[PDB]
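The data below hold one chain only, encoded as structure tokens and taken in the form deposited in one PDB entry.
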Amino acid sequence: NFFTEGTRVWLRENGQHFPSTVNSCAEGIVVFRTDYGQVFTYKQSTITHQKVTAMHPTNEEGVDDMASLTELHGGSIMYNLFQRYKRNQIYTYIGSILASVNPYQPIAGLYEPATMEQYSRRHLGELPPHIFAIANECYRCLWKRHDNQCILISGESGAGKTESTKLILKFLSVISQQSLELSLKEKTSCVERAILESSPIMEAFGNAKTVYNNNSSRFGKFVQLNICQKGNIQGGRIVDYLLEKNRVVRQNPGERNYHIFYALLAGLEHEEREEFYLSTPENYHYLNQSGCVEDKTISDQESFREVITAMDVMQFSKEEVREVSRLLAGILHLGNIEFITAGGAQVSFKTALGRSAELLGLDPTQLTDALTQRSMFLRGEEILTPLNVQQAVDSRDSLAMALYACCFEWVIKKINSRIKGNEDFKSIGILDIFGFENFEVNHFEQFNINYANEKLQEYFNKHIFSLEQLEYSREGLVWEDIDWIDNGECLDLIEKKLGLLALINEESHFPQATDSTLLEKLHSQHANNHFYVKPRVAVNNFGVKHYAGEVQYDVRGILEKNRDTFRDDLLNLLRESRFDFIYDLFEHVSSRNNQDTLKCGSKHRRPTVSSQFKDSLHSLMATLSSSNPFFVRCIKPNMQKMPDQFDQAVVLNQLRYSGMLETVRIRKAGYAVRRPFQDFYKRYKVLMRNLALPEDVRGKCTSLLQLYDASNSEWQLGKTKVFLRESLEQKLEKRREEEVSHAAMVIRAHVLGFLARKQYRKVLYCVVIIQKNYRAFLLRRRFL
């Protein structure tokens, strides 16, 4: 295990393999210097084979596909990503899986339309790894495979999921046109232009600044693109998941509310600003509480311009844009209502109330009464009871959230209406969820976000490892099982009967229950569950050992957030609005009033945030389960939003918990492509033209595959199917394309020579009949 000075080695320093150089080897002491700047010293006698191993040649300036790596460990995988990151190569393959390291800066030429064109005309692996190559492969599968496709993008908050989604959408829009026919009038009226313009609208209404991302997605998005048999986008559908409606009324320190509020205030012209009684963001409780602020407007002004343009493309009328502006202004003024106690809650100053009532189309005394009093009718006279200041604040904030959430729902309806089209052939679905987030203080919002991330990780494992190896077993392939860290038990803790959501929902249905009684139940039931953490000192918290790390949740607020109560008094008030836009939003809205039995312990219970979210996720995963998936793994290089800063500890953590090592193992050894024997033979028959084939189909498949790999290692025959590596399938698809094209040339040349010969023989015949007739007609006329 002795290595001379200057030797490149992997030093196992119990946790990982470090890329290192032998600094010195004298007096029975060996000193190693890592590429990360660490110096490790040992007695030479203590060094054994791994402790130390030689580093393969150069590894090599990087490898494009990590299945090509010689040394397979976390250290090796990370070093490959690092070397590539250093030269602005942010993309690396693991078979057809894509790793993307956020550069946090523009990389010249990387996403230009000239690059998109280049990727559209090549096969996977012919050019450097790129998100465009994945989008292209996915698109090509609509004619190579019999099913719908989906692209699932994973990663922590700020990893690059949203940017990845926009790049895939841009690429597919471009490829859709290709598939004919152009005109700038077409291209500006375009369904693909409308699909692209959905992003600035949705980001303004659904994204906000958080500690991990200045443009954090505060809702989940599933974009389905319907593609016709001819290859063009017919239309689409966008599905939104759990918008963080509480952000409207409160934010953690240093965060911002939704971008749209700041864009509105920065972007509106003086006249409209004055019409809606709007001033700077500092003047609004719903925008000033976080202390951020910290910006001299300008970026918000550009976002407003971008939104306005997108809304015009989306066919929002100028009045609809003004109506949305009026509602947002109404919400802002609503937040400035202050209360005092004078038996009991009373509105202190009339200005904010008057402005909000005017903008919302409500009578100011009716609004004051609804926020400060509760109504009851008894056989059959009204009994008005005062609310206290906390109840009045909760009413004001519930009203602000209801308005925003309904407006967001309407905006999504409008986008969907614009992009509506036929579903005649197949679809490509793209999933952009809110990423994993672990804040200093986590509340119910983080619990739901992290649950969705956990659910997606389970789908990734089910498809990459579980179902994959089960198929190899059923087909009887020569296969050594690859182990992988399964998060199924964490989802069981969250989802099962008596699980976290079950207990949260059960406590929510009991009016007497508090967050403290809930925590007692959570601790009692799950203290011994491997994935649950009962804190030793933190009396208000419970922890969950998520795939991406242990997260501690403060219970304070869970019941009220899960119940998501909205007073019938407020719903009735909104239906009084003289502003049709507001009335239309609340016209048929279902009641969410606080229930008080009697003896209504009946199995149904009112739907909670948790129950509605669990259902939506389940519905989504069921849709995804029937599509063929492509996986993109986004990696955050650092926690400072910095370019050219690869934090090896930060990166290694993500590679470890996401199971990148095991993923590389199964994509290197496995056979991701498979077709029944006859299907394989019928597809690749063109490639067997020059072969002496046996009578049996298994033999026919073997004949072709043996030419590509005589070792029988890149392909295998199962019970019913031909199994082959993605690289071999790509090699076969490239050759099939070349022969098919050559055959089209042979027939294109033969038919053109038929058409021209037909008409040349026709003209030669038509003339000889007129020449013979004229030779006769003139011979008679000569005789007269």
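A residue's number is simply how far along the shown sequence it sits, counting from 1. We call the rigid core the largest set of C-alpha positions that still match within 1.5 Å between the two forms.
Not pictured, yet referred to below: the form deposited in another entry.
Among the candidates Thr565, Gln612, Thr385, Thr188, the CA atom that moves 2 angstroms or more between this form and the one not shown after core superposition belongs to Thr188 alone. With the core held fixed, the Cα of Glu61 is displaced between this form and the one not shown by less than 2 Å. Relative to the superposed rigid core, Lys719 undergoes a CA displacement smaller than 2 Å between this form and the one not shown. After superposition on the rigid core, the Cα of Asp295 moves by 2 Å or more between this form and the one not shown.
In comparison with the shown form, the Cα-Cα distance of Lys170 and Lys187 increases by at least 3 angstroms in the other entry. In the other entry, the Cα atoms of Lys166 and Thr188 sit 3 Å or more farther from each other than they do here.
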